[PDB]
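Engineer: quick one, what's the 3D model for this:
(4 chains, ligands or ions: 2)
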Amino acid sequence: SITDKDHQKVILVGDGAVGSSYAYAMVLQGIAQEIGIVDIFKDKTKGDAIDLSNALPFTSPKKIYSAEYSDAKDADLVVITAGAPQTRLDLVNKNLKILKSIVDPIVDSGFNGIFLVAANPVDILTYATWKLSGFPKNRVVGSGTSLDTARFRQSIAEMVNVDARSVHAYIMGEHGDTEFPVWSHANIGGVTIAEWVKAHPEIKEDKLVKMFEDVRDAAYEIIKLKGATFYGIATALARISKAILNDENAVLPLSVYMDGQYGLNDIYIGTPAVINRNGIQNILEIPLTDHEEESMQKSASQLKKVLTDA
Amino acid sequence: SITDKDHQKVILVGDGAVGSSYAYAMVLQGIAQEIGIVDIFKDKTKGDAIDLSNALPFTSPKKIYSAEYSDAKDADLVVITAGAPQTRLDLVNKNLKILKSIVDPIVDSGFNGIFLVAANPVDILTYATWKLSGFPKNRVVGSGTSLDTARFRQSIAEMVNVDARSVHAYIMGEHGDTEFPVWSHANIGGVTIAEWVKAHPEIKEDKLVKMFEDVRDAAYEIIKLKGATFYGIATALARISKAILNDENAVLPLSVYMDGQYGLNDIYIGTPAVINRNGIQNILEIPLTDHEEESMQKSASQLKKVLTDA
Amino acid sequence: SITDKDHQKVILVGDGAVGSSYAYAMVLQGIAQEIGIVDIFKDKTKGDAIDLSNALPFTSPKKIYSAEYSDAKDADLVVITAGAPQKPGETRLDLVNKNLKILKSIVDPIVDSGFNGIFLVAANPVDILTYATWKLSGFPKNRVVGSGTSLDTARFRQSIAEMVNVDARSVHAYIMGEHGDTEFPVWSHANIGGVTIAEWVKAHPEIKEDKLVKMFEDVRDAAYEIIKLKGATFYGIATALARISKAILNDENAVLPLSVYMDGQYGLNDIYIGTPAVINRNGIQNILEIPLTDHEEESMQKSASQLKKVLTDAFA
Amino acid sequence: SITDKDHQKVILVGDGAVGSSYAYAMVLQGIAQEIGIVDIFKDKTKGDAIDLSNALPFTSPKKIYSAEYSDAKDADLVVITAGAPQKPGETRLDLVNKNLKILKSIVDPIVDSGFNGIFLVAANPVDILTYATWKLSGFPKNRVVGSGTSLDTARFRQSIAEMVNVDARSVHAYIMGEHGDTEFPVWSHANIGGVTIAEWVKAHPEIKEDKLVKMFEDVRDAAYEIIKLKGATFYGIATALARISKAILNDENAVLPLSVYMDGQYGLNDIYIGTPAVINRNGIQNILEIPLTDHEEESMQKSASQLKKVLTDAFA
Ligand SMILES: O=P(O)(O)OC[C@H]1O[C@](O)(COP(=O)(O)O)[C@@H](O)[C@@H]1O
Ligand SMILES: O=P(O)(O)OC[C@H]1O[C@](O)(COP(=O)(O)O)[C@@H](O)[C@@H]1O
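Structural biologist: Numbering: from 1, shown residues only, chains lettered A, B, ... in the order given. Ligands and ions are numbered 1, 2, ... in the order given. Below is the structure in question.
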């Protein structure tokens, strides 16, 4: 029967706060029917699989378990959250040894699905994942600025008192210090922020600048206050997972392979893209202001120098 | 890529009030990613496909269209609602000529999924569908008493003022005049109706009898009041569709093939069963009282005489 | 207890294909906890209440019943759906007057019940009967709401979505004006993931200007096409009504295209007309004034002008 | 406007792994519209409010913030989570007394705020602190609710589900008593699609009586196992709390196993203990008295008796 393939399977690599939260999000929202959890700490994963399974009588069912790389053989989706924290080039090299020890055995399993990469530094490790896996460009995807974008929208939403789902604004570039806001195209119900400020002059230019600074530095603030950041990215990863598994052709800001867009080549970087069951379908090229295009070039340039050196 | 198969496709046969409502239910609940609508009246289906597509910006996306039997080639699910209304043997023979004109071209398409049958008379046309299609027993499924059961639960729920999802009661047998309630196992939060009546003697025995009579005759009442019945069965069909497509192993009352259960053989009849992506996994055999087992035998016997004659 | 108020109640007026389908949408999505159905045809509503109730064991619970205007006393929401349709003899003014007699016979008893909630109007012609509902009810402007161009907007987005092969939730485009023949598309602000249709066409010159014009014409005329093919249109508006209902009942501050009262916006006054607006538990919070091109602003002025002449003539 | 009340507000007390996870569950499932987070550690709550807010553009909106007891004034729901844990030196009575000082310092200011909603208690030891919360708050019995054996019950169902390979939503089995070492399974009424486990074992004699005993032991001891493997347990109870929260806020009349006040049921009095009960916007509506076997009724009596001795000793 053809319907024997109506069983969706995710392998999660990394059972820290991000991965564990991701899994919980998938459980509550009933996305996928199987989650295998892989981590160096086998006892932690066993415990989490049980704790997560305890939730299932209140949601749709799932097979959940402590897993091994070899369980990726027939998986739809491999989600990588296992990122060693911090020179930048040292950080990269350290995470490359670890990433290779994950990707190689996964490929050897026979895995033939989509890689979703969230480990920091995400754009770089997305490129590294593509390079190591030998998979096509469109089937290796990074979370990129999906979270920064969410943070940006929520910030705007709170300022104007509107549901964030009605706010449309991007953060683009390499996720990190060099990312930038696309104010030229940011809007609320089609009314741009430039037009919004006209109609509501209480909103000072300097508020908007600070708003983006707060977004860019949001991880530092959250870590300072509570030790770690995880609910945002977990929620984003589940959103991306759903777009793939329900074949949505949704537009999301993701780390995607650059083949000419924005005058860039041979890096993964953050931009809006269309995604479905087969991964990336279209890379959307927002036409940026000169100011904005300069930010993109700088972000890309610095990123590319590090990859080449790496 | 393996994820190229994360696209779920339903072909609906019959675009009357039942089928149209089913489709709407699937749209709102975001179940499946494609619905092809097939009916003799091509203009009606074209119109419905458009009207249903107009809803999609408020839900998850779907490809929806007026379709042909040949579009079942790669479908997960074929839902048959096309039932000519009313001797009983005449009714059957009439619906068999029509059913054959549907099933044969669907099989010829290469369809290799699950048949879900709702056309009346459902248990008989479920058997006929199995016989005509040549598919395995567990991949031809009828809606059976899923709707009668829902009606029963809601009736009880209203009487005791409790959420129907907390009421557990079955109607079994052949869907129609000979179906019967399983009071022996019916309960609310594990407290049986027999035990409930003990604790709440306001509930008269004669109320319960009438309650089941009202259930058995519910279609006649609804038709008399508003011309047709459709929201219940559409909702049930969508529930069954979800159990299959999300591989739930849910327990539902369905028309399933009898291989010894209740001392019955070689008919489709209504009983609780476990269902998932591969259709029927287990037929549950409720142990009935003598009174209840007699009702099952009679229901089955009459049904079997009609099939044999047919 | 304060939580005694955590029970949401909708009174639906009109149990035709729109109202019935609305109710079904509310049932499946679990939106309020009580739906009373009111219509001249009491048997129909009794039958629908039962048929809808049959769905409840698969969804969250609800009290559903055939209802009377007096049941609006403590309702959150009154949804009005069944406009008397235009007969081939009649003028637009005739259609309005006919529907005003009927509308009054609904709104007055509802107000007399003590109802103190929000009116959601979908009956055609919607912008006019939204105004009439405000005028008859005496309620505040922001607590009388029409569905306006929410459906036309959905149709527009889905059309674009299909052309570019993208999830319509990722397409952001409005139809504005009076819902009907004089409505118009806001191409200047329409976009897909922030890339405008003007910018999209630059990158994809296969997309001919004429395709876009026709695409909007097909949207404007969509009801005629659907009615011709299957007799009636209902799934789109029912779904929209349920979406608006959810924005109110879950206090969302969602931006939707709705028929809202005009107090200067677009250089218009004292009509209800279609534009994006922010809506929550208290009804309309902000009317968004999209800054239009000259061409687009002209369409809005014409739509408004014709609408206003009819209202003025109607109430005299 | 009456719809000004269509804004649901939860105050969470305790921002440990349970409370935080609860809040996240409420966010993802779109349950109330406002969550105020209260904890001795103000920086933690500020950070969580932000981190949770980051999720909102993917879900329905919510106002989320670091909060104070006085923010309970107009709350629907107060959820209490962070019991001070038992130190290796201390008696059960010591644990209770310690948690009573703390609980009082929470409940009194909440009551003083004007809060007039429902208390949902999850702090361990839950049945006792549910009673203490009732006693301290002065609220009615049916508006103070503990999570009781809702989680143990979930664990039990999932265990059975896994053994028989069936969706746990199709498994109907309770754990009852005081949540903890003295709780017990109700095999007599446990079933899968109406077929009892006694009847299931008849049809499937592979299933050994000893497997079932161990299955319950594993459930009873599940917290110890999970804590041993990963340090803490939280996803199960958070999910349960969100389920109970939804039953209240959507006025469901759902049947759940909860810690409820005993007024004769099972021949018990004046304790909170775990049994199925019907719950809606006004809290507890019916306590369901499952008729137990002699063996099962004995377990309930023992569980209750030990619990009652501790409460009596505690309040003197
Ligand atoms: O993906 P984008 O460009 O931000 O748009 C996503 C959002 O669009 C929406 O459809 C609403 O936006 P608009 O209503 O202005 O079109 C939501 O469904 C969704 O959360
Ligand atoms: O399929 P059955 O036998 O009626 O049970 C289905 C129902 O069981 C439930 O889990 C609740 O029933 P209980 O809470 O008594 O176990 C619901 O999730 C679901 O609607």
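
Engineer: make it CA atoms for all contacts and neighbour counts henceforth
Structural biologist: Noted.

Engineer: and chain A, what are its domains?
Structural biologist: A:1-144, A:145-310 (curated CATH domains).

Engineer: and of those domains, who's closest to residue B:217?
Structural biologist: Closest approach to residue B:217 among the domains of chain A is made by domain A:1-144 (33.4 Å; CA to CA).

Engineer: the closest one near chain B at all?
Structural biologist: Yes: using CA under 8 Å from any CA of the partner chain, domain A:1-144 reaches chain B at A:1-8, A:33, A:60-61, A:74, A:76, A:112-114.

Engineer: contacts with ligand 1 among these, please.
Structural biologist: Restricting those to those touching ligand 1 (CA under 6 Å from any ligand atom) yields no residues.

Engineer: so which of the residues you listed are in helices?
Structural biologist: Members of these lying in helices (criterion: DSSP state H): none.

Engineer: farthest-separated two in those?
Structural biologist: Across these, the longest distance by CA to CA is 25.9 Å; it joins A:60 and A:112.

Engineer: now the strands for the stretch 101-250 of chain A?
Structural biologist: Counting by DSSP state E, counting those that start in this stretch, the segments of the stretch 101-250 of chain A that form strands are A:114-117, A:140-142, A:167-168, A:171-172, A:180-181, A:187-188, A:191-192, A:250-259.

Engineer: quick one on the thing from earlier: now render the domains of chain A as a markdown table, adding distance to residue B:221 and mean neighbour count.
Structural biologist: Output for those, formatted as a markdown table (distance: least, CA to CA, whole Å; neighbours: other CA atoms under 10 Å in any protein chain shown):
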| stretch | distance to residue B:221 | mean neighbour count |
| --- | --- | --- |
| domain A:1-144 | 35 | 21 |
| domain A:145-310 | 40 | 20 |
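
Engineer: can you list those in TSV and add distance to residue B:155?
Structural biologist: What follows is these, written out as TSV (distance: least, CA to CA, whole Å):
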stretch	distance to residue B:155
domain A:1-144	24
domain A:145-310	36
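
Engineer: which of the residues of domain A:1-144 next to chain B sits closest to chain C?
Structural biologist: Nearest to chain C among the residues of domain A:1-144 next to chain B, counting by CA to the nearest CA, is residue A:60 at 13.5 Å.

Engineer: for the nearest residue to that closest one once chain neighbours are set aside, give me its contacts.
Structural biologist: Leaving aside its chain neighbours, residue A:60 sits nearest to residue A:30 (5.4 Å; criterion: CA to CA, 6 or more residues apart in numbering or on different chains). Contact analysis of residue A:30 by CA atoms under 8 Å, 6 or more residues apart in numbering or on different chains lists A:59, A:60, A:61.

Engineer: again, only this time at 10 Å
Structural biologist: For residue A:30, the contact set (CA atoms under 10 Å, 6 or more residues apart in numbering or on different chains) comprises A:24, A:56, A:59, A:60, A:61, A:62, A:242, B:246.

Engineer: any idea how far residue D:20 is from the nearest residue to residue A:128 once chain neighbours are set aside?
Structural biologist: Distances taken as CA to CA, 6+ apart put residue A:96 closest to residue A:128, at 7.2 Å, once the chain neighbours are dropped. Taking CA to CA, to the nearest Å as the measure, residue A:96 falls 33 Å from residue D:20.

Engineer: what do you get for residue A:156?
Structural biologist: As judged by CA to CA, residue A:156 and residue D:20 stand 24 Å apart.

Engineer: could you do residue A:197 as well?
Structural biologist: For residue A:197 relative to residue D:20 (CA to CA), the value is 36 Å.

Engineer: cool, residue A:15 as well?
Structural biologist: Applying CA to CA, the value for residue A:15 to residue D:20 is 18 Å.

Engineer: just residue A:68 next, same as before
Structural biologist: Per CA to CA, residue A:68 is found 29 Å from residue D:20.

Engineer: same question for residue A:86.
Structural biologist: Distance from residue A:86 to residue D:20, by CA to CA: 27 Å.

Engineer: cool, residue A:206 as well?
Structural biologist: Counting by CA to CA, the separation of residue A:206 from residue D:20 is 33 Å.

Engineer: got phi/psi on residue A:16?
Structural biologist: Main-chain torsions, residue A:16, degrees, to the nearest 10: phi -80, psi -170.

Engineer: which residues does it contact?
Structural biologist: Going by CA under 10 Å, 6+ apart, residue A:16 touches A:22, A:39, A:41, A:44, A:45, A:81, A:82, A:83, A:230.

Engineer: which one of those residues is nearest chain B?
Structural biologist: The shortest gap between chain B and any of the contacts of residue A:16 belongs to residue A:22, at 19.6 Å (CA to the nearest CA).

Engineer: still on that earlier bit, let me have the strands of the stretch 101-250 of chain A in JSON lines, extended by distance to ligand 2.
Structural biologist: Compiled in JSON lines, the strands of the stretch 101-250 of chain A are given as follows (distance: least, CA to the nearest ligand atom, whole Å):
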{"stretch": "strand A:114-117", "distance to ligand 2": "32"}
{"stretch": "strand A:140-142", "distance to ligand 2": "36"}
{"stretch": "strand A:167-168", "distance to ligand 2": "35"}
{"stretch": "strand A:171-172", "distance to ligand 2": "41"}
{"stretch": "strand A:180-181", "distance to ligand 2": "44"}
{"stretch": "strand A:187-188", "distance to ligand 2": "39"}
{"stretch": "strand A:191-192", "distance to ligand 2": "43"}
{"stretch": "strand A:250-259", "distance to ligand 2": "31"}
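
Engineer: just put those in TSV and tack on distance to chain D.
Structural biologist: Below are the strands of the stretch 101-250 of chain A laid out as TSV (distance: least, CA to the nearest CA, whole Å):
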stretch	distance to chain D
strand A:114-117	18
strand A:140-142	17
strand A:167-168	9
strand A:171-172	14
strand A:180-181	17
strand A:187-188	13
strand A:191-192	18
strand A:250-259	11
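
Engineer: quick one, helices of the stretch 1-150 of chain A?
Structural biologist: Along the stretch 1-150 of chain A, the segments classed as helices by DSSP state H, counting those that start in this stretch run A:17-29, A:42-53, A:88-109, A:122-133, A:146-160.

Engineer: minimum distance to ligand 1: which of the ones you listed has it?
Structural biologist: Nearest to ligand 1 among the helices of the stretch 1-150 of chain A is helix A:146-160 (8.6 Å), distances taken as CA to the nearest ligand atom.

Engineer: can you tell me if the closest one touches chain D.
Structural biologist: Yes: interface with chain D: helix A:146-160 contributes A:147, A:148, A:149, A:150, A:151, A:152, A:153, A:154, A:155, A:157, A:158 (CA under 10 Å from any CA of the partner chain).

Engineer: residue contacts, the second one?
Structural biologist: Translated: residue A:148. By CA under 10 Å, 6+ apart, the contact list for residue A:148 reads A:154, A:170-172, A:175-176, A:179-181, A:212, A:215-219, A:232-233, A:253, D:54.
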